[PDB]
Structures are given as structure tokens and as C-alpha cells.
Amino acid sequence: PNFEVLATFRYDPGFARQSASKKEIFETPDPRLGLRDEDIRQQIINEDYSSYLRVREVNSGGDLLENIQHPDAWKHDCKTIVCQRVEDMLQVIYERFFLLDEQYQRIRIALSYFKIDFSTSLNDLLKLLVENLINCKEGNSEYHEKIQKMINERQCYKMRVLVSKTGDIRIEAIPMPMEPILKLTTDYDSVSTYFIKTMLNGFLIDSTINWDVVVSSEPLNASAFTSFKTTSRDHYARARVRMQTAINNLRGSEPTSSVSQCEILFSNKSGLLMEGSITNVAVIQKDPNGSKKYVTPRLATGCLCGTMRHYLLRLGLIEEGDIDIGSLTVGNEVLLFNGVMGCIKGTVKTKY
Ligand SMILES: *Cc1c(COP(=O)(O)O)cnc(C)c1O
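Under the UniProt record's numbering, residues 23 to 374 are what the sequence shown spells out, in order.
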């Protein structure tokens, strides 16, 4: 096939916001929330992309989970002085792209693996993303003014970066809606709180989002097209058609009807749980004394090395483990995650 390597990630103005009190200040989430990881920043400076694959040995995360579960208590936003200069503005926009550094490392690994020539730096990619958002090229007389205008806007986008076999980059920005209450009241809480409610919702005690999950009877073959993210997705598309059948059976609607707020989980040929069609997964386990642990499949299963998965691992919020697909039963709680919507709850509702 003539596939493209694919990266999709949130652009969210609420992640780097002009201070309401002082106009020279932009506010970003508390450093504990790990959006600006120094190690990863240095890895990129050093052209070290393969470190993205390395398992960060152990974590003193836990306690972070307790704190996240009190999302309104976060008052310590990071504050940065931002002038009306292009560099400062590009940096604000960069900080609104969710896990762009991690997306960058993964795309470089995939491109190297598929032997696709590539020489676009992270800073050059950022400029391309900006040109897409403002519909204007660097060097145009209106570039500066259009950057200022776009920055003031509050529209979220799902960004899609596609790299062809010849290394050509195409970018799309797909507008995405916000939950109405968050949209109305975003200005009243910290950026940290906004971030937690938007992207770590799955961890919250009183979350309302809860996708219905199908456990598939059909294994997938692990391949380069599962371990990496690309447009060659016939295997996931088949799973999603089967998800549709199962969810419609469950909900009592015609098998051909559209379905939403649902996901399908599948195993590899050895029967180990891999991932969902559009998310990585963590299953909820317990140990005495009944404390929850969130356990996510290892990359050895063939699942995608998701950026949201990587983020949650380095924060210590999930941990790797081996889960037999046969262990999931109706009623089981899971977490589902990707770099667009972050982490949400799901519940196993049917098997098919
Ligand atoms: C997008 C996707 C994920 C999640 O990857 P992120 O980098 O977190 O967005 C997981 N599995 C599959 C099959 C996907 O397409």
C-alpha cells in the first residue's frame, strides 16, 4: 500500500492562557503535570529519538493521583513573561500542542523504521503547524498580525500530521468542540485545573464520561502497522465495524446504525490484550488493601507506542503489565487514552 506515517494530537488554547490580571504573563499547567519534560527536551536537542521507547524505570508518581483527584485545588500555574515578539508567540502556540515533543520522537522512529528520508526539525514542524493554523506563510507581510489574531482565538483542534513515503508533510486542523460547562467556566479555574478536567478526566472520582467497551473475540496480528501509527488501518477499521455490530446489539438498535462513546479492545495472537481501535488501554486491578492499580499492556504485545500512554507511564499514573484478554469480563472498569482526548473511563459492556 501507499501509506503515510500519521500523528494526531490536541491543540488547546486553554493549555497556555493569557493572565487575566497581568497581560505580560501567560499561564500553563503546574510542572507536576509533566507537559514540559526536561529530559525529553534534551533528548530532542541531542537527536535522540529512540529513547522514547525506553521504559522509565519505576516511579514515585502515586500521590500525584490523589492530587489530580482534587482538580480544583490546583492553584500553582506556571507563569511565563511573553512579549509581542514572534518567538514568544510561537512558544505559546508550541505549548498548546499536546505532547508535541513525544509525537516528534515517535514520528522520527517510525520514519527511520520505514526508511523514509526526513530532515524537518521539531522547530520547522512547529512553524508548519503554525502556517496551517493561520493559513499564512512565514515571510508574508501579514504573518505577524495573523499569529497574534490566531493566538487570541479559543477554538480547539485535532491536528493531523501525515508524512508520505517521499517524506512530504501534509497538515490538517480539525475543529473540535469543548464540553459546554468547561467552555463556559474555563476562565474561572487555573490552567492546571482546566488541563486535568480536559485530559485526565478518566482519573476523576466524579467523572461522567464512560465509554461502552466491546471485548473482541478476534485477535489481531502484531505488525509494523500496529506498533506505529499510520494510515494503513484496515485491521482497526475491521475491528470498528465489529464494534458497531456489538454495540448496536447491546443498545438494541439496527446493526448498521452509527455508534459513538464506545471502543473495542483486542488481543494479539498470543491472547494478550493490546489496545483499542483508537486508544491505548489500562485495566483496573487491585492488591491488598484494595488499592487500585492501572495496568497497561507492554509494547511487546504489538500495541501502538501511544504518546498519551507514554505520558501516563512517565508520570507513574499507569504501569506496564501482561493482561490476558480472557480476564476481561462484563462490568470491568478500564481507562482509555489518546493524545487528542487524553484519558477517559470505559466499562466492558459486551463481548463479540
Ligand atoms: C492513536 C492511537 C492510539 C493512541 O496513541 P496516542 O499517541 O496516545 O494518540 C492507540 N492505539 C491506536 C490503534 C491508535 O490509532
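Even for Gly, the Cβ is constructed at its ideal location relative to N, Cα and C.
Counting contacts by CB-CB distance shorter than 8 angstroms, is residue i in contact with chain C?
| i | result |
| --- | --- |
| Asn360 | As a matter of chain content, chain C is missing from the structure shown, which is built from one protein chain. |
Between the alpha carbons of residue i and residue j, how many angstroms are there, rounded?
| i | j | result |
| --- | --- | --- |
| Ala261 | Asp34 | 30 angstroms |
| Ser82 | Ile62 | 18 angstroms |
| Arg118 | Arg76 | 26 angstroms |
| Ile169 | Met111 | 7 angstroms |
| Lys137 | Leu150 | 22 angstroms |
| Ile340 | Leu86 | 11 angstroms |
| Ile300 | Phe247 | 13 angstroms |
| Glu285 | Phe25 | 24 angstroms |
| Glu60 | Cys100 | 15 angstroms |
| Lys97 | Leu148 | 29 angstroms |
| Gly36 | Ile203 | 14 angstroms |
| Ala42 | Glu175 | 15 angstroms |
| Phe250 | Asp209 | 37 angstroms |
| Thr369 | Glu240 | 19 angstroms |
| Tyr258 | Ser163 | 44 angstroms |
| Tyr71 | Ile196 | 27 angstroms |
| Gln283 | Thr207 | 24 angstroms |
| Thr351 | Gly161 | 58 angstroms |
| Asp344 | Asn157 | 46 angstroms |
| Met265 | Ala244 | 19 angstroms |
| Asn311 | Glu79 | 24 angstroms |
| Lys205 | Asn302 | 27 angstroms |
| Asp309 | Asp346 | 18 angstroms |
Could you check whether residue j and residue i sit closer than 8 angstroms to each other, using their CB atoms as the reference points?
| i | j | result |
| --- | --- | --- |
| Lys371 | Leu272 | yes |
| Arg39 | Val213 | yes |
| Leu326 | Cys365 | no |
| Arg182 | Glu167 | no |
| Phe288 | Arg331 | no |
| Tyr216 | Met198 | no |
| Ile218 | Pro93 | yes |
| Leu321 | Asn290 | no |
| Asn270 | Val281 | yes |
| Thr102 | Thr30 | no |
| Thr252 | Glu124 | no |
| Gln91 | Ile227 | yes |
| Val27 | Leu133 | yes |
Quick one: does the C-beta of residue i sit closer than 7 angstroms to a heavy atom of ligand 1?
| i | result |
| --- | --- |
| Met330 | yes |
| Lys219 | no |
| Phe359 | yes |
| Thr208 | no |
| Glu297 | yes |
| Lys251 | yes |
| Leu326 | yes |
| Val362 | yes |
| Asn290 | no |
| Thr215 | no |
| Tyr126 | no |
| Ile203 | no |
| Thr318 | no |
| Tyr116 | no |
| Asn24 | no |
| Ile300 | yes |
| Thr30 | yes |
| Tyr71 | no |
| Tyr258 | yes |
Can you give me the Cβ contacts of residue i inside the same chain, cut-off strictly under 6 angstroms, excluding the 5 residues immediately before and after it?
| i | result |
| --- | --- |
| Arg32 | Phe120, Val362 |
| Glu153 | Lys159 |
| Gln307 | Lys315, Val317 |
| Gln65 | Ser73 |
Cα-Cα, which of the options is closest to residue i?
| i | options | result |
| --- | --- | --- |
| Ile115 | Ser249, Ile173, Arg320 | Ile173 |
| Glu69 | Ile131, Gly324, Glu79 | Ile131 |
| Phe48 | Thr30, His92, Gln113 | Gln113 |
| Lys45 | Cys105, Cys158, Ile227 | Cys105 |
| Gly84 | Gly353, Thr369, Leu337, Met221 | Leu337 |
| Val237 | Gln125, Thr208, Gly353 | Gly353 |
| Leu122 | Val108, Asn145, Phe140, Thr102 | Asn145 |
| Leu295 | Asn223, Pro310, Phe140, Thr323 | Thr323 |
| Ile129 | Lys159, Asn311, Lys187, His257 | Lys187 |
| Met221 | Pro310, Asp139, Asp190, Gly56 | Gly56 |
| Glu342 | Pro310, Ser245, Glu297, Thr351 | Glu297 |
| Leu155 | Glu201, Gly312, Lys171 | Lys171 |
| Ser141 | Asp190, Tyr165, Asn157, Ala244 | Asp190 |
| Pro23 | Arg255, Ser73, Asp139 | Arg255 |
Could you name the residues of the same chain whose beta carbon sits closer than 7 angstroms to that of residue i, not counting the 5 residues immediately before and after it, in chain order?
| i | result |
| --- | --- |
| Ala304 | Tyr316, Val317, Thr318, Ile340, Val356, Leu357 |
| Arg192 | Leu184 |
| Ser229 | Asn223, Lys367 |
| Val108 | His166, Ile169 |
| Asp139 | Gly189 |
| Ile231 | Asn223, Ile366, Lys367 |
Tell me which same chain residues have a C-beta within less than 8 angstroms of the C-beta of residue i, skipping the five on either side of it?
| i | result |
| --- | --- |
| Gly348 | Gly293 |
| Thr267 | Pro277, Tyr374 |
| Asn89 | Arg54, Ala95, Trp96 |
| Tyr135 | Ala246, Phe250 |
| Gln177 | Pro35, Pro197 |
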